Amino acid sequence: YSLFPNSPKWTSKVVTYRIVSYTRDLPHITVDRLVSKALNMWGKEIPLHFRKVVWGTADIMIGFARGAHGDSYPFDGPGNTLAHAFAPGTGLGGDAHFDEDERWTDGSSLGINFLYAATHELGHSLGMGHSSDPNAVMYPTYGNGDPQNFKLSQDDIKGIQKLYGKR
Ligand SMILES: CC(C)C[C@H](CS(C)(=N)=N)C(=O)N[C@H]1Cc2cn(c3ccccc23)CCCCCCNC1=O
Ligand SMILES: [Ca+2]
Ligand SMILES: [Ca+2]
Ligand SMILES: [Zn+2]
Ligand SMILES: [Zn+2]
């Protein structure tokens, strides 16, 4: 595993998040469930707790967008970059954006598995960098293992716990 330079991390006991926009590919209820699932995958290993808010600012702002969307990291259409997240910090820090030009799926269809993509992106939102281990969720490319049957690897757990300590 690798953390970000200067290992930024959330210092609060609870970190909020808010889904600002949704994808046309899934029901809104599924995205909400999958984001909670993804945050819990990491939360289970550490002292943090998460709370969803539906208005204003949240530490982790989540949204779907196609093309240019304000932050100077335009999406590129179907394929290639699927999504991108930023290291913990104020403003854009900690946010996670998903390329709406992708065909998002809960796993029952062809497309990009949103639970897997959200686990990777929220890993970045928490301060995780990329792993060299092809089996890790934090590996840079999609598809090595099985998007429909996966869990954090020992490498991902070692990294998140180094950053925030064990629960
Ligand atoms: C790990 C994921 C959940 C999310 C990451 C998000 S990121 C930014 N936060 N590390 C991602 O988008 N990875 C790209 C990386 C990537 C793979 N290729 C690319 C060709 C061009 C540009 C990027 C890529 C070659 C094949 C392209 C096919 C599309 C699959 N794309 C990827 O796997
Ligand atoms: Ca933020
Ligand atoms: Ca894309
Ligand atoms: Zn963005
Ligand atoms: Zn990544």
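Chain A is numbered as in Swiss-Prot; the shown residues are, in order, 95-261.
Keep in mind that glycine also has a Cβ here, set from the backbone N, Cα and C atoms.
Copied from Swiss-Prot, the annotated features are:
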type: BINDING; residues: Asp153, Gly185, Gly187, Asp189; note: Ca(2+) 1 binding site
type: BINDING; residues: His163, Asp165, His178, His191; note: Zn(2+) 1 binding site
type: BINDING; residues: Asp170, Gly171, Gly173, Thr175, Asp193, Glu196; note: Ca(2+) 2 binding site
type: ACT_SITE; residues: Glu215; note: active site
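Feature map: Swiss-Prot annotations on the structure.
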residue: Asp153; record: Ca(2+) 1 binding site; DSSP (3 states): coil
residue: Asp165; record: Zn(2+) 1 binding site; DSSP (3 states): coil
residue: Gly171; record: Ca(2+) 2 binding site; DSSP (3 states): coil
residue: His178; record: Zn(2+) 1 binding site; DSSP (3 states): strand
residue: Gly185; record: Ca(2+) 1 binding site; DSSP (3 states): coil
residue: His191; record: Zn(2+) 1 binding site; DSSP (3 states): strand
residue: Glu196; record: Ca(2+) 2 binding site; DSSP (3 states): coil
residue: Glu215; record: active site; DSSP (3 states): helix
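For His163 (Zn(2+) 1 binding site), the same-chain residues lying six or more positions away in sequence with a CB closer than 8 A to its CB are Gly157, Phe169, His191. Listed in chain order, the extra residues whose Cβ falls within 8 Å of the Cβ center of the Ca(2+) 2 site residues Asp170, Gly171, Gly173, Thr175, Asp193, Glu196 are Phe169, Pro172, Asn174, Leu176, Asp195.
Taking a Cβ distance under 6 Å to any atom of ligand 4 as the criterion, the recorded positions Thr175, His191, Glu215 reduce to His191. Within 10 Å of the C-beta of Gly171 (Ca(2+) 2 binding site) there are 12 other C-beta atoms, taking all protein chains into account. The recorded positions near ligand 2, defined by a Cβ under 6 Å from one of its atoms, are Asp189, chosen from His163, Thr175, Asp189, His191, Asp193, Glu215. Proximity to ligand 1 at the level of Cβ atoms, with a cut-off under 6 angstroms, picks out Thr175, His178 from the binding-site residues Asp153, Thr175, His178. Ligand 3 lies under 6 Å from the Cβ of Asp170, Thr175, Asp193, out of the binding-site residues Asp153, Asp170, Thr175, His178, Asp189, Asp193. The shortest Cα-Cα distance between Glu196 (Ca(2+) 2 binding site) and any of the recorded positions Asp153, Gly187, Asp189, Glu215 is the one to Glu215. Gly171 (Ca(2+) 2 binding site) sits 13 Å from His178 (Zn(2+) 1 binding site), counting Cα to Cα.
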